[PDB]
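A single chain, nothing else alongside it, follows as structure tokens in the form deposited in one PDB entry.
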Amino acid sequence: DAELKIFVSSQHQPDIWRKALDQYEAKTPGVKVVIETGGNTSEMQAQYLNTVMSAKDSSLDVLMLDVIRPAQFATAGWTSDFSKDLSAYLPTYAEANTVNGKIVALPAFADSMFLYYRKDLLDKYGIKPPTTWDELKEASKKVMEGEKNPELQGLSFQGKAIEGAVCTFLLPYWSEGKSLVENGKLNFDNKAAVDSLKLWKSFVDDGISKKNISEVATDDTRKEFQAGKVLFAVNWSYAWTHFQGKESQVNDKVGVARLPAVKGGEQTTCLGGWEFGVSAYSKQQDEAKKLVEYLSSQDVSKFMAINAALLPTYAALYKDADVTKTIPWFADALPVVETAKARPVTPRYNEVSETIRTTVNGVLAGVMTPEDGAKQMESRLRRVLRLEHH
């Protein structure tokens, strides 16, 4: 029996990972798949994979990689190219998994940030979902003033020094119609960067967000909203199944909307999602490729959507009656994914992540001013997102 080892994107829901791989094994005699986990956050996984891949570790066959990894993994030679038409998938994901024309990995699932909201609380007060951060602050004040609930947070977002905080930083910067990369080099708008960091701080200063939002990771936001302690929550699509699941206080109480804009700006969101890479160092190239073909297939995409609310990589699945029955808001989510904005495509993404996320966190922790943060950020990004000779 061949034993394939897949490094997966989450420790959570082990029974659903296993369920999916048990299906492969049943179809595929002579083949077992085991699960290896690291962190539950993309940069803790990156530290882990950097180490094993740097050592040419042959242990891992298939790697689940965040949509920001392909540039590093292709240039470092850590994946085996699919030698392959990505036209079955959303083009934004075909583009993400193509690097200098090499197919680096097959799309696993789509993701973007949405505004989760307690529609029970919005309906009670007759509030429409906010389309700008200013409307979100006015909505928060109105709901929290009437509830007189000391545990009710207006807005949960990710201020912990995690990959997610890179997403946090870029939301307002993108909304103001700015871009971080123009003609292969850093294009940095300081006013727009200062204003992003200023906006996230003002939520804390106003008491719309809790004093320790610099301690809040992706799954913190999810748990606190699930526990019924949050009005408005920036998060990804996976959180929907937890909120409608067995250990939740918000079953039937959750609406989903596009993220608000900065007043006068665009309702932009962060492109997320994950792909399946075959390790360059795998002793089992062909079996690993066959697993990835399966896990990347329309059936598994559909499985991911119905079982864990992971947004499909196949357009037709946003109009699938079973999918739309289970997650009605998926019926309208394709335009959000297909216009979601990409974090920089760069082999040195890890240094880009480190600079942005530690600035967001330090500003939210009161270690540095928005102004200082932007200057520090701009300085390190100039060295990291430079032009190379060849």
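Between two forms, the rigid core is defined as the largest C-alpha subset superposing within 1.5 Å. From 1 onward, residues are counted along the sequence shown.
Is it true that residue 183 has no coordinates in a third or more of the other entries in the comparison? In at least a third of the comparable entries (those modelling both sides of it), residue 183 has no coordinates.
So residue 83 and residue 84 are neighbours in the shown sequence, but is anything from the deposited sequence left out between them? Give the count as none, 1 to 3, 4 to 9, or 10 or more. Unresolved stretch here: 1 to 3 residues.
Which of the two stretches, 178 to 186 or 195 to 203, shows the higher mean Cα temperature factor in the record? Mean CA B-factor is higher for 178 to 186.
Could you settle it for me: does 284 to 292 or 163 to 171 have the higher average Cα B factor in the PDB entry? Per the PDB record, 284 to 292.
Out of 138, 111, 320, 224, which residue has the highest Cα temperature factor in the PDB record? Among 138, 111, 320, 224, the PDB entry lists the largest C-alpha B-factor for 320.
Among 348, 325, 341, 69, which carries the highest Cα B-factor? In the PDB entry, the greatest C-alpha B-factor among 348, 325, 341, 69 is found at 325.
Sorting the chain's CA B-factors, does residue 2 end up in the lowest, middle or highest third? CA B-factor rank for residue 2: highest third.
CA B-factor placement of residue 211, once the chain's modelled residues are sorted into thirds: Answer is middle: the recorded C-alpha B-factor places it there.
Give the position of residue 28 by CA B-factor within its chain, expressed as the lowest, middle or highest third. Highest third.
Just say lowest, middle or highest third for the CA B-factor of residue 244 relative to the other modelled residues in its chain. For residue 244, the deposited C-alpha B-factor lands in the middle third.
How does residue 251 rank on Cα B-factor within its chain, lowest, middle or highest third? Its C-alpha B-factor belongs to the highest third of this chain's values.
One more form of this protein should be noted, the form deposited in another entry, which is absent from this view; the next part is about it.
In a superposition on the rigid core, which residue from 170, 239, 230, 305 has a CA displacement reaching 2 Å or more between the shown form and the other one? Once the cores are aligned, the residue moving by 2 Å or more is 305.
Taking the rigid core as reference, does the Cα of residue 344 move 2 Å or more between the shown form and the other one? Where the cores coincide, residue 344 shows only a C-alpha shift between the shown form and the other one that is less than 2 Å.
Is residue 277 one of the residues whose Cα moves 2 Å or more between the shown form and the other one, with the core superposed? Yes; residue 277 is a residue whose C-alpha shifts (by 2 Å or more) between the shown form and the other one when the cores are overlaid.
Could you check, with the core superposed, whether the Cα atom of residue 362 shifts 2 Å or more between the shown form and the other one? No: residue 362 shifts by under 2 Å between the shown form and the other one.
Sense of the change in Cα distance from residue 312 to residue 13 in the other entry - at least 3 Å versus the shown form: Closer together, which means the C-alphas of residue 312 and residue 13 are at least 3 Å nearer in the other entry.
Have a look at residue 131 and residue 315: in the other entry, are their Cα atoms closer together or farther apart than in this form, given the change is 3 Å or more? Result: closer.
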